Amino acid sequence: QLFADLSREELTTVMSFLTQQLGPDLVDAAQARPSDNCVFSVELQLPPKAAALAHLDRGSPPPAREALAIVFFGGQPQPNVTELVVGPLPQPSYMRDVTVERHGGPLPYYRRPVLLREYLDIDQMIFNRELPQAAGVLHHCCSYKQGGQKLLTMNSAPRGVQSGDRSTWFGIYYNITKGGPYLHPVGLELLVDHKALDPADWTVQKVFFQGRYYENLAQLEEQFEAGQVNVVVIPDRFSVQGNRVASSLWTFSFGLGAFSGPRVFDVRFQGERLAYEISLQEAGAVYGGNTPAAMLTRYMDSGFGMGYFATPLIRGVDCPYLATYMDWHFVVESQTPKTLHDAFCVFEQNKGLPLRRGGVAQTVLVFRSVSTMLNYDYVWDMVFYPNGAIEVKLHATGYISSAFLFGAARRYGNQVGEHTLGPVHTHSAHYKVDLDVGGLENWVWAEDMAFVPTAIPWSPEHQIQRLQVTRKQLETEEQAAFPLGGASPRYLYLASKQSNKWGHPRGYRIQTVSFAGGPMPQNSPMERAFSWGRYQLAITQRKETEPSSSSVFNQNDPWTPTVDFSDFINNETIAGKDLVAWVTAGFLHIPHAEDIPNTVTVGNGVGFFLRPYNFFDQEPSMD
C-alpha cells in the first residue's frame, strides 16, 4: 500500500487541502480559462526507493504517503505551471513546490496540456466565427449547414515550430459517428494560434484547403467565389486485494500513472523480488504526409495521459469472463475524484501450448488494461510465467488517422478510400525496468557467440569453425546504451553480486521483442524530447532525480524538453550499482485497405521478455 494509487477519499483530502492552503483563488479546471488559477491534476507521488525497501524488507515504518498536484497558475503577473508535493496522507500538513527543484527552473505556462475547456472554446471559435466565413466553399465540398452533414475537428501535436508556440493544426472531418471518426477528412485544416490567455485574442494564422494554403478563410472564400479554387466534393488460483495480486508463484503491486500509464511494483517470484518497478514511461508516434497535421505530428502521449485516457474493459471481449476486475480513481481536470470502472483486469491464460511436455500445458497470469485516444487503442499486457519469466507486450488497434488525398500523397502512405490517404507512422513505447536481481547491487553482462577456426584435435590437418561463448562485463552507462536499429548482445543480463550453485552469476536477461519503427534523425528540432527512441535498450544508475524518461510537459514544448532521457546517460559506472533498464519497442505502420474500418491486433504484438539466466539452480517448481 506504499505503491497503491490514491483512494477516492485521499483524492478529496488533497483537493480540500489545496483550496484551504493556496493563496491564489482557484477555478474548477473543468471550466477554467487560460488566465485562471486551477488544479490540473493530483495523483500518487511515488515514494523514495530507500524508504520503501527499508519498510518492505527491514520492517521500518512506511514512507510518508504523498501526492503530487499539478497547478496552472494563469491568474498572475507572470503565469507558470507549478508542481506541489502534498502530504502526508491521510492528513496533510505540508505543501511543497518542487518545481525549481525538479527542473532547474519554472515550468513555462505554454508547456501546460491543452485543457478540455480550451478545446471547447477552440471549437466555438471555429464553428461560430471562422467556418461561416467559408460557407460557400464548404456548402460546395461538404454540404455545410445546408440540411447536410455535421462536421467535427481533430487535434494534432506539437503546436507550433518552436518553444513558446501554442498554434495547433485542427483538421475538419465529417461527423459520421460510426466505425471511424477521422476516416473522412474534408481537406480543410486551420492553424489556430491559441497562446493568448484571452480567447478573444486567438486567431487563425493560416488555412490549408485540399492541397494549397491561404492566409485566412476570407481569402479562400473569395477565390472560390471568383472561380479560382478547384473544390473536390466529399461524400458521406490468485487473489486481488487492494493494489496487490497474489498467486502461488507471483506477488506484485499494480497501478496506473495518470500520464505514464500502467505500472507494477515489488515484483516477487516465489518470495524473491525480481524488480522494484516495471512501468510504462511514454508512448510516442511519428507521422508523415503532405497535409499539415500528418506532416508535423509527433505524439508524446503522456502529454495527454495513458491512465487519464484509459477505458473500462469489456468483460468477455477485452478480458475473459472469469477475470478479476479492478477500478481506478483520478482527479484530472476536475474538482471531485472520478472513477474508472474495470480499468484493470487479471486472469489466468491457458496458452494451449505445452510448457514442457511427463509435462503439462502453459498456464499464465495476465495483467491487462487499455488506453484509448480518439478511438485509437493501446492494450497494455503484463504476463507472468510459472517459470519466473515476465512478458511485456503492446498492441495497437482501432481507427487510423486519415489525410485528404491529393498530389503525390502515396509518397506518404496508401490510399484507403476515395480522397483518403492512410499516412505513414511509427508507434513507440518506453518502459522502465528497474530489476533488482539478487538485491540492489547489480552488474551488466554481454554474452554472445563466435566462430573461431581451430585445428581438429584428432585431425590437426583439418579445421573446424568452433562455436563459442563470448562474455563481457559492461563498466559504464555508455557501453550499455544500445542504438535502435543496431545489434545488441544476444544475451544481455543484469546480474547479482553472488552466483548460483554452479558458479554462474544469478542473472535476469532482457530480450527486446519489437521490430523497428526506425529512429527519428537527431537533426529534428524536437527529437531530444523523445531521445529514449534512440535506444532499443539502455541501462543507467537509478536516481531519485530521474523518475521518468519523459514528461507531460514535453508534448507542447519538445523543442526545449522538460525531460530529455539522453541526459541520463552520462558515463557513470554501472558495475555494482542500483541499475535501471529502459526498453524501447515499436513498429512501422504503413496503413492499407485491411486497416479499414479497423486495424486488428493480428500478430503477437511488440514489447520484450525478462528471463531467468543462472538465477535458479535448476528448473523451478510450479503449482
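The first residue of the shown sequence is 1; numbering continues from there.
The modelled chain breaks after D236 and resumes at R237, leaving 10 or more residues of the deposited sequence without coordinates. Gap between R357 and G358: 10 or more deposited residues without coordinates. Higher mean CA temperature factor, per the PDB entry, when comparing 131 to 139 with 166 to 174: 131 to 139. The mean C-alpha temperature factor is higher for 344 to 352 when 454 to 462 and 344 to 352 are set side by side. Residues shown: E272, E333, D448, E225. Highest C-alpha temperature factor in the entry: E225.
Out of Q146, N80, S551, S156, it is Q146 whose C-alpha atom has the highest B-factor in the PDB entry. Among all modelled residues in this chain, the alpha-carbon of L537 has a temperature factor (C-alpha) in the lowest third. For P63, the recorded CA B-factor ranks within the highest third of the chain. Only modelled residues enter the ranking. For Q45, the recorded CA temperature factor ranks within the middle third of the chain's modelled residues. Per the PDB record, residue ranking by Cα B-factor puts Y431 in the lowest third of the chain.
For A54, the recorded CA B-factor ranks within the lowest third of the chain. Only modelled residues enter the ranking.
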